[PDB]
Amino acid sequence: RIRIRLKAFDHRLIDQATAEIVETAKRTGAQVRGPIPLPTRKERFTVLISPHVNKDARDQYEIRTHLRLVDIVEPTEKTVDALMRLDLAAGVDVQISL
Amino acid sequence: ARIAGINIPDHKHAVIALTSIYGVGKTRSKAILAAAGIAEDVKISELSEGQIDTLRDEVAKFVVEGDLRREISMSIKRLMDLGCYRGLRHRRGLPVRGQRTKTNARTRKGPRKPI
Amino acid sequence: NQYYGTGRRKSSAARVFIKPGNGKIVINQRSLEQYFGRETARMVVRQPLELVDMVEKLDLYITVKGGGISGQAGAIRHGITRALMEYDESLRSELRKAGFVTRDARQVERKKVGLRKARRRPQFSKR
Amino acid sequence: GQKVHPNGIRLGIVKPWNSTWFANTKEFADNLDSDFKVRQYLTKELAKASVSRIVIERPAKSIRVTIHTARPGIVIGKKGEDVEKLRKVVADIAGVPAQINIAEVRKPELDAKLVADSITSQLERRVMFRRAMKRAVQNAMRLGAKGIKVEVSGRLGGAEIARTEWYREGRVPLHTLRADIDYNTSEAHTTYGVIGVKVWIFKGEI
Amino acid sequence: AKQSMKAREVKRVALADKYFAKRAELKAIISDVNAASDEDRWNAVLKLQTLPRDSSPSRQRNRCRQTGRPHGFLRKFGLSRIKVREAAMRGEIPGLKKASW
Amino acid sequence: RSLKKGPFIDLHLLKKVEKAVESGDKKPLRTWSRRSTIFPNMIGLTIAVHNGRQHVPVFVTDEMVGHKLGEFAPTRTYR
Amino acid sequence: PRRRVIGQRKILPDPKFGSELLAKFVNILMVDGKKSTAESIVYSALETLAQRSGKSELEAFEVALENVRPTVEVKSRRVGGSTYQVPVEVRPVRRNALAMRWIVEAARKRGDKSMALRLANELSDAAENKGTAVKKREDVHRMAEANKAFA
RNA sequence: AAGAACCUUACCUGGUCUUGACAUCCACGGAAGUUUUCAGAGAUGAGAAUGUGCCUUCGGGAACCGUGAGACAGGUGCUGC
RNA sequence: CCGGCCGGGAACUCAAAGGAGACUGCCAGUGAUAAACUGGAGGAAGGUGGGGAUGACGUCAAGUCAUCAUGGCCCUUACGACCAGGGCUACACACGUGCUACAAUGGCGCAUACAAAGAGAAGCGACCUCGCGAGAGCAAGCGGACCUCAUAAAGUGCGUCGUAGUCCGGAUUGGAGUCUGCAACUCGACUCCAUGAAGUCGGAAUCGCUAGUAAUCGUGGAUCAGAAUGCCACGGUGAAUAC
Ligand SMILES: [Mg+2]
Ligand SMILES: [Mg+2]
Ligand SMILES: [Mg+2]
Ligand SMILES: [Mg+2]
Ligand SMILES: [Mg+2]
Ligand SMILES: [Mg+2]
Ligand SMILES: [Mg+2]
Ligand SMILES: [Mg+2]
Ligand SMILES: [Mg+2]
Ligand SMILES: [Mg+2]
Ligand SMILES: [Mg+2]
Ligand SMILES: [Mg+2]
Ligand SMILES: [Mg+2]
Ligand SMILES: [Mg+2]
Ligand SMILES: [Mg+2]
Ligand SMILES: [Mg+2]
Ligand SMILES: [Mg+2]
Ligand SMILES: [Mg+2]
Ligand SMILES: [Mg+2]
Ligand SMILES: [Mg+2]
Ligand SMILES: [Mg+2]
Ligand SMILES: [Mg+2]
Ligand SMILES: [Mg+2]
Ligand SMILES: [Mg+2]
Ligand SMILES: [Mg+2]
Ligand SMILES: [Mg+2]
Ligand SMILES: [Mg+2]
Ligand SMILES: [Mg+2]
Ligand SMILES: [Mg+2]
Ligand SMILES: [Mg+2]
Ligand SMILES: [Mg+2]
Ligand SMILES: [Mg+2]
Ligand SMILES: [Mg+2]
Ligand SMILES: [Mg+2]
Ligand SMILES: [Mg+2]
Ligand SMILES: [Mg+2]
Ligand SMILES: [Mg+2]
Ligand SMILES: [Mg+2]
Ligand SMILES: [Mg+2]
Ligand SMILES: [Mg+2]
Ligand SMILES: [Mg+2]
Ligand SMILES: [Mg+2]
Ligand SMILES: [Mg+2]
Ligand SMILES: [Mg+2]
Ligand SMILES: [Mg+2]
Ligand SMILES: [Mg+2]
Ligand SMILES: [Mg+2]
Ligand SMILES: [Mg+2]
Ligand SMILES: [Mg+2]
Ligand SMILES: [Mg+2]
Ligand SMILES: [Mg+2]
Ligand SMILES: [Mg+2]
Ligand SMILES: [Mg+2]
Ligand SMILES: [Mg+2]
Ligand SMILES: [Mg+2]
Ligand SMILES: [Mg+2]
Ligand SMILES: [Mg+2]
Ligand SMILES: [Mg+2]
Ligand SMILES: [Mg+2]
Ligand SMILES: [Mg+2]
Ligand SMILES: [Mg+2]
Ligand SMILES: [Mg+2]
Ligand SMILES: [Mg+2]
Ligand SMILES: [Mg+2]
Ligand SMILES: [Mg+2]
Ligand SMILES: [Mg+2]
Ligand SMILES: [Mg+2]
Ligand SMILES: [Mg+2]
Ligand SMILES: [Mg+2]
Ligand SMILES: [Mg+2]
Ligand SMILES: [Mg+2]
Ligand SMILES: [Mg+2]
Ligand SMILES: [Mg+2]
Ligand SMILES: [Mg+2]
Ligand SMILES: [Mg+2]
Ligand SMILES: [Mg+2]
Ligand SMILES: [Mg+2]
Ligand SMILES: [Mg+2]
Ligand SMILES: [Mg+2]
Ligand SMILES: [Mg+2]
Ligand SMILES: [Mg+2]
Ligand SMILES: [Mg+2]
Ligand SMILES: [Mg+2]
Ligand SMILES: [Mg+2]
Ligand SMILES: [Mg+2]
Ligand SMILES: [Mg+2]
């Protein structure tokens with residue numbers, strides 16, 4: 001089957017990464033469910049903005065870790081080899097799982 | 001209503017009656033009545049004399065009242081004779097369990113004084 | 001056949017199905033009497049079924065999760081008013097004028113930076 | 001001092017992140033330190049080569065550095081010899097491989113870092129802070145700017161008390177989030193002290 | 001934040017990875033409720049002090065990598081609260097925009 | 001109080017006491033280990049605990065056993 | 001508000017006695033946002049009131065609330081310079097609400113046993129005007145009646 | 001200070017070190033390391049075994065270690081007027 | 001076998017994206033033929049719909065040289081540097097900011113229902129078994145919409161105490177421990193047992209708050225071996241009042 005899961009920081013860099021990985025699989029050797037979204041992880045940080053005193057004043061930051069799934073339901077020979085050695089898409093982590 | 005050294009309550013539940021004994025509290029009193037075979041919901045007015053005598057032998061197992069008071073007095077007096085940090089703490093009249101002594105400590109130190 | 005309305009008052013999210021039959025109101029496999037006990041108002045769910053009468057007309061199979069008591073009870077009220085669309089605009093003329101279909105967005109305000117809880121500021125020392 | 005960093009407020013909207021890579025929570029901290037180690041080293045080495053910003057990416061254990069610069073000839077040198085010298089030394093401290101790419105900038109007067117470093121360089125050679133500042137303000141408006149605020153904080157000209165002075169020419173809307181604004185700062189270490197040089201350059205409305 | 005304080009911290013990191021990231025068996029495995037509870041457990045805590053005072057990962061303060069500030073640390077970034085701010089709104093931490101919800 | 005896995009004394013103080021006891025009574029032992037407990041074998045010795053600026057002699061008695069050495073060495077002086 | 005003329009929020013009817021008058025009374029009695037504990041007490045009070053009085057609940061609560069209702073209350077304005085007692089005719093929305101406070105405020109004191117007992121006894125005394133809440137209205141009148149010289 | 005039992009720790013006591021814990025060099029001797037013993041509060045000092053590699057201008061290497069030498073390294077010392 | 005367990009299903013909750021949407025845009029009236037504005041429809045939402053981020057020129061020679069950078073001026077067998085302890089936790093007193101109280105809308109027991117937002121690989125650590133309990137073993141699973149910390153507590157429902165310094169408060173002391181950690185006495189946290197202080201709503205003063213806001217009950221995270229009543233977030237019930 002191969003459950004492909006991939007995550008990234010930018011919401012609109014992962015979209016073309018999820019689109020291209022599906023198209024280089026769907027077209028070349030059939031079968032795909034789709035871009036299953038999953039919930040976004042929002043790790044927040046509340047640092048003190050000043051170097052000395054002024055506890056009241058702070059800045060708040062976050063890092064949206066956008067997950068995505070693919071989910072194919074047949075171990076095709078054209079598709080399985082297209083996943084390896086043919087990903088690219090920088091700033092987008094990907095983890096294939098059998 | 002006359003067990004141990006003192007214990008003379010009335011119109012009070014058996015569990016709460018034995019809290020008035022020095023050396024017996026809430027959970028200890030439940031262990032007394034559990035071993036004695038008496039319900040906690042009843043009171044001493046409702047109980048008979050045949051049941052009170054079993055409570056006397058049950059509290060005799062645990063150290064209570066004048067036995068306990070001397071055991072505590074010995075342990076505090078021991079510490080002061082050693083001249084340890086706790087002994088100096090005790091006799092000086094200041095808190096023992098590594099507490100703040102600057103702002104608070106009014107329980108141990110006593111009420112406020114002039115400067 | 002089987003009409004539907006959502007409702008999601010304050011985090012909580014109701015899921016009201018409605019069919020023409022018995023007067024009973026099922027909810028999470030529990031009865032309405034035992035699920036919502038003494039709290040404030042059981043009959044907030046039955047408020048929308050007054051201008052449009054229930055009695056023994058419409059049976060309600062409901063499912064809800066999120067929030068607490070009134071969050072769920074208020075979400076069921078909105079869910080029923082949304083669900084009552086089988087007679088489209090004839091019911092909503094009288095129903096809207098008594099509130100009801102208004103979502104009533106108001107969610108809990110976040111804790112502000114510096115302040116002790118949303119609006120509660122700490123104290124004041126002027127010497 | 002009470003103004004938000006103009007680059008930072010627009011990092012999701014208009015401006016991009018320079019360090020563009022994903023990392024799991026374990027590696028993230030060490031990956032960010034090695035990112036700073038090359039950036040600090042590469043800026044100080046390529047001083048005369050005139051670098052504006054350094055973009056870094058890390059696709060599957062391969063550090064692709066990108067050097068945006070005004071003078072691409074000085075970075076590469078002769079027959080790309082200095083690229084290979086950079087490739088080796090950057091690769092050692094960072095993490096295994098390297099892939100240095102050089103992007104030219106034909107309009108160097110519109111980049112905020114290059115204007116700030118130019119004003120800094122002028123202040124260090126005993127040029128009048130006004131003759132350095134206003135000339136830089138004048139230079140890039142003729143080329144293709146619509147804003148160009150330039151602040152210079154510090155001692156300036158061997159004064160006793162420090163003063164802050166600025167000269168702008170046009171629309172520099174710091175509050176507008178859709179507005180693209182090149183902001184950058186640089187310190188000028190003179191004999192008298194430090195002199196800060198903040199520069200804002202409003203290029204486009206979107 | 002003092003080059004000596006930064007340089008004494010490199011001993012703490014290097015010397016900890018040597019001993020106790022390997023020789024935790026001395027405390028963990030030996031000092032246990034089993035047949036070694038008699039003299040073997042005594043010899044463990046006896047020999048555990050023969051080691052240097054450093055090596056224990058508890059003695060690592062965990063300070064910022066750029067400056068060396070002890071307080072204001074964040075384990076995600078490996079930086080002080082000041083240097084993370086300076087680096088965040090600039091373009092160095094990936095994805096770290098200003099939060100507002 | 002802590003520590004069920006053997007009452008704790010520093011290797012050096014254990015060996016210094018064992019060497020002192022087998023030979024015989026002599027003089028106050030200069031020791032900085034306050035953290036260390038007091039064994040039964042330490043009774044009789046007048047070991048000198050470091051209060052911070054100086055060494056305070058402590059004649060160990062039958063009661064001073066479960067307690068630690070720093071308890072018999074007040075650090076902060078007052079009035 | 002300085003020039004911000006906006007109305008008020010709508011309230012809700014109480015399930016067992018679906019109306020409005022006593023729905024507000026629950027809210028003024030409520031401490032720490034516990035409407036569950038408060039609404040049980042008001043039902044317990046009005047059921048014990050209706051048993052003794054031999055009336056319903058709404059009309060029992062009315063013949064009680066009107067007996068502790070202020071007709072006129074006292075403000076004091078400084079128009080010109082000096083500060084003197086100016087009585088004013090209270091508004092009909094506040095009129096019955098100011099009464100509901102005085103019943104509950106009296107019931108905080110007068111430690112009988114339970115809250116349901118105390119409110120029942122206060123409203124019982126209000127029906128035969130001889131409680132603390134009627135005395136607080138009585139004193140409010142005495143100010144307006146004595147200081148009637150100021151318009 | 002988004003957390004002081006040692007650490008942190010900038011303070012105090014006593015012990016201690018002066019190219020120093022951290023750096024590049026001019027160059028003297030060694031792979032680096034690892035196991036393990038003694039005196040000492042510990043810093044330290046004294047050892048005892050083993051191992052003796054990536055290139056040969058092979059009087060050398062590229063690292064690492066420990067000496068003597070100075071360019072010096074180092075300061076949470078003062079000055080936010 | 002009767003638990004979303006099951007095939008399976010793609011409606012709905014949700015999760016994400018990408019779009020619709022509120023535009024004084026329609027409607028009358030006051031206005032000056034204007035900007036406006038009073039309401040009224042329609043609408044999930046109504047006049048910047050709620051909240052956040054956003055902080056003009058400049059003020060206080062405001063704070064920071066101890067985060068970092070930094071011009072001078074200073075120290076160099078020392079104000080530099082390594083170590084064992086001790087100290088930052090001292091205590092006639094005074095204030096600040098909290099928290100827990102002084103109870104009966106409450107206290108303690110048994111029957112049991114409803115959240116969100118997080119967080120986890122020298123990690124978070126099930127279920128089992130040993131524990132009176134902190135915890136101790138075995139160890140399942142999870143770099144997670146799945147696995148885990150994790151039963152939310154208020155709240156119901158029954159019971160019992162009946163206004164007492166109380167079955168209120170839960171301080172303080174003694175004893176017995178627990179985990180972490182080389183090490184817990186100065187100086188940790190928590191547990192058990194006994195103990196049961198002040199306090200019965202607070203002098204002059206005075207603080208915050210205009211709706212899911214105050215009020216009250218849980219809950220999480222960051223720093224962190226361990227050590228919150230702080231801080232930063234989260235969601236329950238849910239007011240009064242604004243002439
Ligand atoms: Mg402030
Ligand atoms: Mg303040
Ligand atoms: Mg108890
Ligand atoms: Mg108990
Ligand atoms: Mg305590
Ligand atoms: Mg103390
Ligand atoms: Mg939502
Ligand atoms: Mg309407
Ligand atoms: Mg605000
Ligand atoms: Mg809240
Ligand atoms: Mg203040
Ligand atoms: Mg004051
Ligand atoms: Mg004041
Ligand atoms: Mg004042
Ligand atoms: Mg300034
Ligand atoms: Mg600001
Ligand atoms: Mg420095
Ligand atoms: Mg630590
Ligand atoms: Mg003295
Ligand atoms: Mg020290
Ligand atoms: Mg000294
Ligand atoms: Mg210097
Ligand atoms: Mg310095
Ligand atoms: Mg000094
Ligand atoms: Mg200043
Ligand atoms: Mg300044
Ligand atoms: Mg100052
Ligand atoms: Mg118009
Ligand atoms: Mg218009
Ligand atoms: Mg019109
Ligand atoms: Mg007109
Ligand atoms: Mg007109
Ligand atoms: Mg017109
Ligand atoms: Mg008009
Ligand atoms: Mg108009
Ligand atoms: Mg309208
Ligand atoms: Mg309107
Ligand atoms: Mg508008
Ligand atoms: Mg708008
Ligand atoms: Mg707004
Ligand atoms: Mg608008
Ligand atoms: Mg808007
Ligand atoms: Mg604005
Ligand atoms: Mg000043
Ligand atoms: Mg000042
Ligand atoms: Mg200030
Ligand atoms: Mg400095
Ligand atoms: Mg200088
Ligand atoms: Mg000079
Ligand atoms: Mg001079
Ligand atoms: Mg001096
Ligand atoms: Mg302090
Ligand atoms: Mg403490
Ligand atoms: Mg005196
Ligand atoms: Mg006071
Ligand atoms: Mg109690
Ligand atoms: Mg309580
Ligand atoms: Mg998670
Ligand atoms: Mg579980
Ligand atoms: Mg179990
Ligand atoms: Mg127990
Ligand atoms: Mg253990
Ligand atoms: Mg376990
Ligand atoms: Mg899995
Ligand atoms: Mg499972
Ligand atoms: Mg937890
Ligand atoms: Mg469970
Ligand atoms: Mg549990
Ligand atoms: Mg369970
Ligand atoms: Mg309860
Ligand atoms: Mg008493
Ligand atoms: Mg008293
Ligand atoms: Mg207690
Ligand atoms: Mg008592
Ligand atoms: Mg009382
Ligand atoms: Mg009060
Ligand atoms: Mg109160
Ligand atoms: Mg006031
Ligand atoms: Mg005020
Ligand atoms: Mg307001
Ligand atoms: Mg409570
Ligand atoms: Mg709690
Ligand atoms: Mg909490
Ligand atoms: Mg945590
Ligand atoms: Mg808390
Ligand atoms: Mg709290």
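This entry lists cryo-EM as its structure determination method and reports a resolution of 3.0 Å.

Chain F appears in the PDB entry as 30S ribosomal protein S19 from Escherichia coli. Its UniProt record, at the heading Sequence similarities, says of chain F: "Belongs to the universal ribosomal protein uS19 family."

As named in the PDB entry, chain D is 30S ribosomal protein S3, taken from Escherichia coli. UniProt, in its Sequence similarities section for chain D, records the words "Belongs to the universal ribosomal protein uS3 family."

So, on to the protein's contact with RNA strand H. Inspection of the region around RNA strand H gives 27 residues, with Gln-3, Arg-12, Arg-59, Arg-61 and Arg-69 of chain E positioned closest. Near the protein, meaning within 4 Å, the atoms of RNA strand H are sugar or phosphate in a fraction of 68%, with bases accounting for the rest. In the model, a phosphate oxygen of RNA strand H is placed 3.2 Å from a nitrogen or oxygen of the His-71 of chain E side chain. Contact between RNA strand H and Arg-53 of chain F: a sugar or linking oxygen at 3.0 Å from a main-chain N or O atom of the residue. Every element with two or more residues in the surface near RNA strand H is listed here: α1 (3-18) of chain E together with α1 (11-23) of chain F. The residue makeup of the surface near RNA strand H, split by class, is 5 nonpolar, 9 polar and 13 charged.

Our next topic: the domain arrangement of chain D. Residues and elements named next belong to chain D. Once the domains are mapped, chain D shows domain 1 (16-106) and domain 2 (107-206). Computed over C-alpha atoms only, the centres of domain 1 and domain 2 are separated by 26 Å. Counting from both sides, the interface comprises 6 residues of domain 1 and, opposite them, 5 residues of domain 2. Summing both partners gives a buried area of about 570 Å² for domain 1 against domain 2, and 59% of it is carried by carbon and sulfur. When the area that domain 1 buries against domain 2 is broken down by residue, the three leading residues are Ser-52, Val-105 and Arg-106, summing to 64%.

This next bit is on the protein's contact with RNA strand I. Lining the immediate environment of RNA strand I, one finds 183 residues, of which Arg-9 and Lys-117 of chain C, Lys-5 and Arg-35 of chain F together with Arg-108 of chain G sit closest. In RNA strand I, atoms within 4 Å of the protein come 77% from sugar and phosphate. Contacts to RNA strand I include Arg-68 of chain A, whose side-chain N or O atom sits 3.3 Å from a phosphate oxygen. In the environment of RNA strand I, a phosphate oxygen lies 2.8 Å from a nitrogen or oxygen atom belonging to the side chain of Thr-75 of chain F. Here the surface near RNA strand I is built from residues that sort into 50 nonpolar, 57 polar and 76 charged.

Turning next to helix α2 (residues 35-53) of chain G. Residue and element names in this part refer to chain G. Under the 1.5 Å per step criterion, the end-to-end length of α2 is 26 Å for 19 residues, consistent within 8% with the ideal 27 Å. Restricting attention to buried positions, one finds in α2 the residues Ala-38, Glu-39, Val-42, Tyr-43, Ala-45, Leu-46, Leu-49 and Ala-50. Each buried residue of α2 sits inside an arc of 165° when the element is viewed along its axis, so together they form one side. Facing away from the buried surface of α2 by more than 90 degrees, the exposed residues are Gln-51 and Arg-52. Of the surrounding elements, those touching the buried residues of α2 are α1 (21-29), α3 (58-65) and α5 (115-127). Once α2 finishes, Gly-54 follows within two positions and takes phi at roughly 75°, a positive value.

Further remarks concern the nonpolar core. Judged by nonpolar contacts, the single largest core of 35 residues is most densely connected at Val-65 of chain D together with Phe-77, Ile-93 and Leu-96 of chain E. Counting residues per element, this core draws most heavily on helix α2 (residues 28-45) of chain D, at 4 residues.

The feature "domain: KH type-2", as given by UniProt, occupies residues 38-106 of chain D in the numbering adopted here. As a span, residues 38-106 of chain D carries 39% helix and 25% strand, and end to end its C-alpha atoms are 25 Å apart.

So, about the interface of chain D and chain E. Facing 20 residues of chain D, the contacting portion of chain E comprises 18 residues. Between chain D and chain E, roughly 1,700 Å² of surface is buried when both sides are summed, and carbon and sulfur atoms account for 62% of that area. Broken down residue by residue, the surface that chain D buries against chain E is led by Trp-17, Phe-28 and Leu-32 of chain D, which jointly contribute 29%. Inspection of the region where chain D meets chain E yields 3 salt bridges. Measuring nitrogen to oxygen at the nearest pair gives 2.9 Å for the salt bridge that ties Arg-65 of chain E to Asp-30 of chain D. Linking chain D with chain E are 7 residue pairs in polar contact.

On to the sheet that holds strand β1 (residues 30-31) of chain F. Overall, mixed pairing links the 3 strands, which are arranged β1-β2-β3 (chain F) in an open sheet. Strands with a single pairing partner mark the edges of an open sheet, and in this sheet they are β1 and β3 (55-59) of chain F.

Quick notes on the rules
Residues numbered from 1 in each chain as written, not as in the entry; some residues may be left out. Chains lettered and ligands numbered in written order. Part of a larger assembly, values for the part shown. Heavy atoms only, no water. UniProt positions renumbered as here; feature names shortened; annotations may be inferred. Near = heavy atom within 4 Å. Polar contact = N/O pair within 3.5 Å; in protein donor to acceptor, adjacent residues only side chain to side chain. Helix = DSSP H or I, 4+ residues; strand = E, 2+ residues; numbered from the N terminus. Nonpolar A, V, L, I, M, F, W, Y, C, P; charged D, E, K, R; others polar. Domains from an automatic or database assignment. Contact = heavy atoms within 4.5 Å. Buried area = accessible area lost by both parts, 1.4 Å probe. Expected span 1.5 Å × (residues − 1). Buried < 20%, exposed > 50% of the residue type's maximum accessible area, 1.4 Å probe, protein only. Arc of directions from axis to C-beta. Core = buried A, V, L, I, M, F, W, Y, C linked by side-chain atoms within 4.5 Å. Salt bridge = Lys/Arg side-chain N within 4 Å of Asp/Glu carboxyl O. Pairing = 2+ DSSP bridges.

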